[PDB]
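Participant: I'd like to ask some things about the structure below.
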Amino acid sequence: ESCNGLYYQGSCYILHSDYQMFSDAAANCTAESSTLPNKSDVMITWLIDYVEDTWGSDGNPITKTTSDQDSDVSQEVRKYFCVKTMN
Amino acid sequence: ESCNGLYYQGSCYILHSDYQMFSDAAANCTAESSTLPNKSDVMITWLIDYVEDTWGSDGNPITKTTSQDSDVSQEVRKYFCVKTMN
Amino acid sequence: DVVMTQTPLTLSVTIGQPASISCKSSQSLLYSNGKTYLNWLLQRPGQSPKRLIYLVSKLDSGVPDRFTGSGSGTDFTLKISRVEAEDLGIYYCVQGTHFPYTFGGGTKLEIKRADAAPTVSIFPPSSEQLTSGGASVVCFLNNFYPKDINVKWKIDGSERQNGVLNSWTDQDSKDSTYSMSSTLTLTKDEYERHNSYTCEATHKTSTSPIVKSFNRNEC
Amino acid sequence: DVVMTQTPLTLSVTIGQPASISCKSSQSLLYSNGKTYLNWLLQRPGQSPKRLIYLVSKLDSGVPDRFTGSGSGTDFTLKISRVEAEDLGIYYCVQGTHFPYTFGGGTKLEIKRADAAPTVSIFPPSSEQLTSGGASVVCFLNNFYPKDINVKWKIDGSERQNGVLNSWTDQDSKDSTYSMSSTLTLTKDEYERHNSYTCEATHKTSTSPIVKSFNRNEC
Amino acid sequence: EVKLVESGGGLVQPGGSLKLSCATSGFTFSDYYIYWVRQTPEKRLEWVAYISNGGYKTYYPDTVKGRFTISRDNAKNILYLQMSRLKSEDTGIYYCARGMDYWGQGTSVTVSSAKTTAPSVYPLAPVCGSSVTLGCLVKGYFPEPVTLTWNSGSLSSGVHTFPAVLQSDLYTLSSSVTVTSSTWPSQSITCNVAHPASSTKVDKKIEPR
Amino acid sequence: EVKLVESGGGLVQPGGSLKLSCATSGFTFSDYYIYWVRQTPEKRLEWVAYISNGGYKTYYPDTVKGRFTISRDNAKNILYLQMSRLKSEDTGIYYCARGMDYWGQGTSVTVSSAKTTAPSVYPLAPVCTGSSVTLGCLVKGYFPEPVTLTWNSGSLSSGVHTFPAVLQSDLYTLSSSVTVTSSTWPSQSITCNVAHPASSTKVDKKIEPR
């Protein structure tokens, strides 16, 4: 109800619009007592269209298509969501 | 609470991930008793980060910048539909 | 699609005069954002189209202040305050407000000018063409105004009309003149039955016809 | 930046033998997506680096079956199972797990081979250099193995060491041989004050040196 | 500098297929929607294919749906128009346009059962004033276009290349050049002409009679 | 295919400036991160600049911060590196890399206060026997490297040993050997082709017998 982002089943996803490398994104989320989204939780829901191409917890971008990559994801920047317990 | 999208101040924003032209975007929102977002409503709020480059009810994409060598009337973009909630 | 009607089809204006073209859409071209997307393109012959005016009245870079766009809903006007030689071609209005882009019928600008007499020039068949057993005589009439010109072919004094191919060039962009090329094509033997070959041009510039001729024996 | 240590600095292996390079990182190269981003690059001289292995053990297209990558956390290995003449260059390990990309110290592979004697040729100073004011006597030692070679210069049966410039080529990728060029440099004056100029090459292929010489005037 | 270049385009028999290309540079290819517009012989302008920004959507007019397909190449930055079941009304100069702002030079597409025929080229010199006119006769070729220069481009002032004319499934073109008496026959004036549809590239020198 | 061409590069005096170019084709420029990588004389590989995918983030190492700037152009797909306050440690061959997968061809940069010198070209013919004639070419006294050398404008390239240049004092020396059969020379005119890019020099010299 007071979640300035995506509220889903007692969880609040806050968008960070600043492009960052996974490491830094993860660090920033942790620094605010939060984690990055999990590829499992968010897929096959409605959050998918908001979080696609943003950092998942595993270090890979969240994707509908887990295809078989000509670019080290560990060398790219992406926007990110930080997740916390709302209720 | 039962808003599958962005909730803000008695309004619910449902993202349409399908790329569409403004005229079609406006139609799909109306066909669901909603309208496209208002630029003044979203600029200077947390919704700007989600809605920038999506259609605004006026026919321009919502942008932080007020620019342009592009004929927006001929382009496609994502869009939100706004139904009033509570 | 949105129907765009231009009027008139052809415009014939003297250099230094004001001209105007109208453009009507079947539907308001006022887009939901307050802007009206009407464009004026100018296409020279042999060239791709170029835009002069966008959003009803705004001029592209380079474009002279002579061109002025107007209109609001379904009624639009392009004005040329003083026609200059380089303005020749087909002008289109095209609407951007409604998908897809749709164009008017086009409006050809034919420049009017002071009179000029053709420099007439006649040419006997090539040695190579005779080889193949066919002969053609070609007459060039260059840099005249107006476009209207009568060209008669005369073989041994009398008019021939069979196998005549005529071509006018598009008005010159600099000196606003036209040019023509007439071609008379015969069988070799038929060409070798005569010797007098005259190209006769009758233009309003002179009361006499411009006669250019050759004898087959003059090498 | 993550530190990459390669072992050894230089590798020297006979054709037909197995070879191995080590690579060690200061951190685990395990990225949180289960993948390990360690790569193996190879660079011939006068050529850009080409990737041979990625993600620890995956081979690139074209790459022969003889190249094998291993290891997991901080320890990695590249095996060339049967060294061939084309394999010469500098091999780097490069990590891509942690920003930024960091490289090893490189491993230069030198190919061992059966001994081969050089083809020595001596060359007098050019007619055009004498015109300028200098004089240099050149001796080529071509297609030999091993790399170790000694060249003595002699002016009138007397050893000269000042002004000598020696350069070896990069090993041949086809026949795995070295070639060397020796240049003795003198002034136009100094060259003309002597006559007998000798080039004396010692190699392990024979106890006797390969002697090439000329006399100034004899031409 | 934004640049667009059309490609392909030959003579096609009523039914055959042809694939056109629009090569781009000077702008981010994906950021812009691009149209395929054609110019008929009557010289009206018609859209035949639209591809959206980011390539997401493609659209065609009814006259062309089910036979025209627009392709793309994000690597090479090239735009394709694949056409098939070709009608005679599909004939014209095809343009790709990055808005009404930017048009390529265009590419010629002719739909006819009439067979390809190479041009016969004839030098025109006067029979045996202060200024001299010389000409070149390009005769009996199909289809358009043909390229004619004088001294491979070196001489272009005072030229009059006349528009091609159909007579009977065959075109005839003529071109005149004028120089002063001092220039010719003192210096060589050559009539260079090329017909790509038949792979003809013939140069013809103008020699006095 | 993916293509990367480096440009710029040349002799620069310590504390000078230089702008390098990386022309890219065969891929959507913006959808990839690109590195600027240099190869030092001791032949180690070092990153000097990073621009992220989308162009959003640019990074540099501490040895290079405050004097290198990575530019971009979405119009032409070209990537630039503007370097200034150039040190001796900045010398080397500069590559742009689209991951470790695709490298450019490199552009050489020399940071030396020693001035550009035109090379001297000398033909090498035998002393006034056998079925194998060896000829040579001497390139002397030039700055800086590199120098292109070919035989018969490139026609002859088998059995040729182009020897790597060596420094003596502000000047390089280079030589090149070529072995042909006795039938070939002097029957067919063998020419040494040599070009110095930095001083815009490109001269040819025919090997004439003694």
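What is reported rests on the model, the rules as stated and the sources as named; no laboratory instrument gave them. Because the Cβ atoms are built from the backbone with ideal geometry, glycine has one as well, and the counts that use them run over all protein chains shown.
Participant: Can you pull out every residue in the stretch E:121-138 that is within 7 Å of chain C (Cβ to nearest Cβ), outside any loop (DSSP other than H, G, I, E, B) and more than 9 Å from C:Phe123 (Cβ to Cβ)?
Facilitator: Hits for the stretch E:121-138 are E:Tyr122, E:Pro123.
Participant: Follow-up. Looking at E:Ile78, E:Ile34, which is the one that is within 14 Å of chain B (Cβ to nearest Cβ), surrounded by 16 or more Cβ atoms within 10 Å (Cβ to Cβ) and not acidic (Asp, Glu)? It would help to see each step written out before you state the result.
Facilitator: On the way: E:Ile78 fails: within 14 Å of chain B (Cβ to nearest Cβ).
Only one candidate passes the filter, namely E:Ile34.
Participant: If you don't mind, there's one more thing I want to ask. With respect to D:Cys139, determine if the residue is farther than 18 Å from D:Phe214 by Cβ, part of a strand (DSSP E or B) and not acidic (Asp, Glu).
Facilitator: Numbers: farther than 18 Å from D:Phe214 by Cβ: no; part of a strand (DSSP E or B): yes; not acidic (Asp, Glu): yes.
Criteria not met by D:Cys139.
Participant: What's the number of the only condition in (1) touching a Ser or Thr at 6+ places or on another chain (Cβ under 7 Å); (2) assigned to a loop (DSSP other than H, G, I, E, B) that E:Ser113 fails to meet?
Facilitator: Condition (1) is where E:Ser113 drops out.
Participant: Sticking with this one: I need every pair where a residue in the stretch A:60-87 that is within 14 Å of chain F (Cβ to nearest Cβ) has its Cβ under 6 Å from the Cβ of a residue that is assigned to a loop (DSSP other than H, G, I, E, B) and surrounded by fewer than 18 Cβ atoms within 10 Å (Cβ to Cβ), sequence separation at least 6 or different chains.
Facilitator: So the pair list comes out as A:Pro61/A:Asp53; A:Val77/F:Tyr56; A:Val77/F:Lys57.
Participant: Name, by its number, the condition in (1) in contact with a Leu (Cβ under 7 Å, 6 or more places away or on another chain); (2) over 18 Å from D:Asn33 (Cα atoms) that does not hold for A:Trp46.
Facilitator: Unmet for A:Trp46, out of (1) in contact with a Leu (Cβ under 7 Å, 6 or more places away or on another chain); (2) over 18 Å from D:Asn33 (Cα atoms): (1).
Participant: What's the total number of residues in the stretch E:49-75 that are buried (at least 19 other Cβ atoms within 10 Å of the Cβ), among the aromatic types (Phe, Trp, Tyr) and within 7 Å of another protein chain (Cβ to nearest Cβ)?
Facilitator: 1
Participant: Oh, and also: Within the stretch F:111-143, which residues are crowded, with 20+ Cβ neighbours inside 10 Å and hydroxyl-bearing (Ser, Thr, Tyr)?
Facilitator: Selection gives F:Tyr122, F:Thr134, F:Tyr142.
Participant: Could you check how many residues of the stretch F:160-186 are under 19 Å from D:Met180 (Cβ atoms) and more than 9 Å from every other protein chain (Cβ to nearest Cβ)?
Facilitator: Just the residues of the stretch F:160-186 that are under 19 Å from D:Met180 (Cβ atoms), to begin with: F:160-168, F:172-179.
From what is left, the residues that are more than 9 Å from every other protein chain (Cβ to nearest Cβ) are F:160, F:167, F:172, F:178.
Within the stretch F:160-186, residues that are under 19 Å from D:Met180 (Cβ atoms) and more than 9 Å from every other protein chain (Cβ to nearest Cβ) number 4.
Participant: One residue is enough: does the stretch C:135-158 have a residue meeting the conditions closer than 22 Å to E:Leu137 by Cα, more than 28 Å from the chain's Cα centre (by Cα) and not assigned by CATH to the domain that holds C:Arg44?
Facilitator: Let us first name the residues in the stretch C:135-158 that are closer than 22 Å to E:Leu137 by Cα, namely C:135-144, C:149-155.
After this cut, where a residue has to be more than 28 Å from the chain's Cα centre (by Cα) as well, the list is C:135, C:155.
Right, trim to not assigned by CATH to the domain that holds C:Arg44 and you get C:135, C:155.
For the stretch C:135-158, residues closer than 22 Å to E:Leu137 by Cα, more than 28 Å from the chain's Cα centre (by Cα) and not assigned by CATH to the domain that holds C:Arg44: present.
Participant: Oh, and also: Name the residue, out of B:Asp24, B:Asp53, that is loosely packed, with under 15 Cβ neighbours inside 10 Å and within 14 Å of chain E (Cβ to nearest Cβ). Don't jump to the end; show me each part of the working.
Facilitator: Working: B:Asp24 fails: loosely packed, with under 15 Cβ neighbours inside 10 Å.
Going through B:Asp24, B:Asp53 in turn, the sole match is B:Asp53.
Participant: Then there's this: Out of all the residues in the stretch E:81-103, is one or more among the small types (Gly, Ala, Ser), assigned to a strand (DSSP E or B), in contact with a strand residue (DSSP E or B) (Cβ under 6 Å, 6 or more places away or on another chain) and more than 14 Å from chain B (Cβ to nearest Cβ)?
Facilitator: In the first step, residues of the stretch E:81-103 are kept if they are among the small types (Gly, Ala, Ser); the result is E:84, E:88, E:92, E:97, E:99.
Subset that is assigned to a strand (DSSP E or B): E:92, E:97.
Add one more test, that the residue is in contact with a strand residue (DSSP E or B) (Cβ under 6 Å, 6 or more places away or on another chain), and what stays is E:92, E:97.
Filter once more, so that each one left must be more than 14 Å from chain B (Cβ to nearest Cβ): E:92.
Yes, because at least one residue in the stretch E:81-103 is among the small types (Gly, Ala, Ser), assigned to a strand (DSSP E or B), in contact with a strand residue (DSSP E or B) (Cβ under 6 Å, 6 or more places away or on another chain) and more than 14 Å from chain B (Cβ to nearest Cβ).
Participant: While we're looking at this one, here's another question. Go through (1) touching a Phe, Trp or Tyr at 6+ places or on another chain (Cβ under 8 Å); (2) at the interface with chain F (Cβ under 10 Å from one of its Cβ atoms); (3) exposed (fewer than 15 other Cβ atoms within 10 Å of the Cβ) and name the single condition D:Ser136 misses.
Facilitator: (3)
Participant: Sticking with this structure for a sec: Looking at E:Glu46, E:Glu42 in this structure, which one is surrounded by fewer than 16 Cβ atoms within 10 Å (Cβ to Cβ), among the acidic types (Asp, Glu), more than 14 Å from chain B (Cβ to nearest Cβ) and under 19 Å from C:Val3 (Cα atoms)? Walk me through it before giving the result.
Facilitator: On the way: E:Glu46 fails: surrounded by fewer than 16 Cβ atoms within 10 Å (Cβ to Cβ).
Selected residue: E:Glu42, the only one of E:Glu46, E:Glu42 that is surrounded by fewer than 16 Cβ atoms within 10 Å (Cβ to Cβ), among the acidic types (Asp, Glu), more than 14 Å from chain B (Cβ to nearest Cβ) and under 19 Å from C:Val3 (Cα atoms).
Participant: Can you tell me which residue within the stretch F:158-186, out of those that are within 19 Å of the chain's Cα centre (by Cα) and assigned to a loop (DSSP other than H, G, I, E, B), is farthest from F:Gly130 (Cα to Cα)? Can you show your working first?
Facilitator: Step one: filter the stretch F:158-186 for residues within 19 Å of the chain's Cα centre (by Cα), giving F:161-167, F:170-176.
Within this subset, residues satisfying the condition of being assigned to a loop (DSSP other than H, G, I, E, B) are F:170-171.
On the way: F:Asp170: 40, F:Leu171: 36 Å.
Restricting to residues being within 19 Å of the chain's Cα centre (by Cα) and assigned to a loop (DSSP other than H, G, I, E, B), the top hit is F:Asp170.
Participant: If we only count strands (runs of 3 or more DSSP E) wholly inside the stretch C:1-117, which ones have 1 or more residues that are buried (at least 21 other Cβ atoms within 10 Å of the Cβ) and either of a type in the set (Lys, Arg) or at positive phi (or both)? Quick ask: steps written out before the conclusion?
Facilitator: On the way: elements: C:4-7, C:10-14, C:19-25, C:38-43, C:50-54, C:67-71, C:75-80, C:89-95, C:107-112.
Once the strands (runs of 3 or more DSSP E) in the stretch C:1-117 are filtered for at least 1 residues that are buried (at least 21 other Cβ atoms within 10 Å of the Cβ) and either of a type in the set (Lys, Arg) or at positive phi (or both), what remains is C:89-95.
Participant: Ok, one more. Taking D:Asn162 as the residue in question, decide whether it is in a loop (DSSP other than H, G, I, E, B), in the same structural domain as D:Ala135 (by CATH) and not hydroxyl-bearing (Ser, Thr, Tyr). So that I can check it myself, show each step before the final result.
Facilitator: Numbers: in a loop (DSSP other than H, G, I, E, B): yes; in the same structural domain as D:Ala135 (by CATH): yes; not hydroxyl-bearing (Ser, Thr, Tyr): yes.
Criteria met by D:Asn162.
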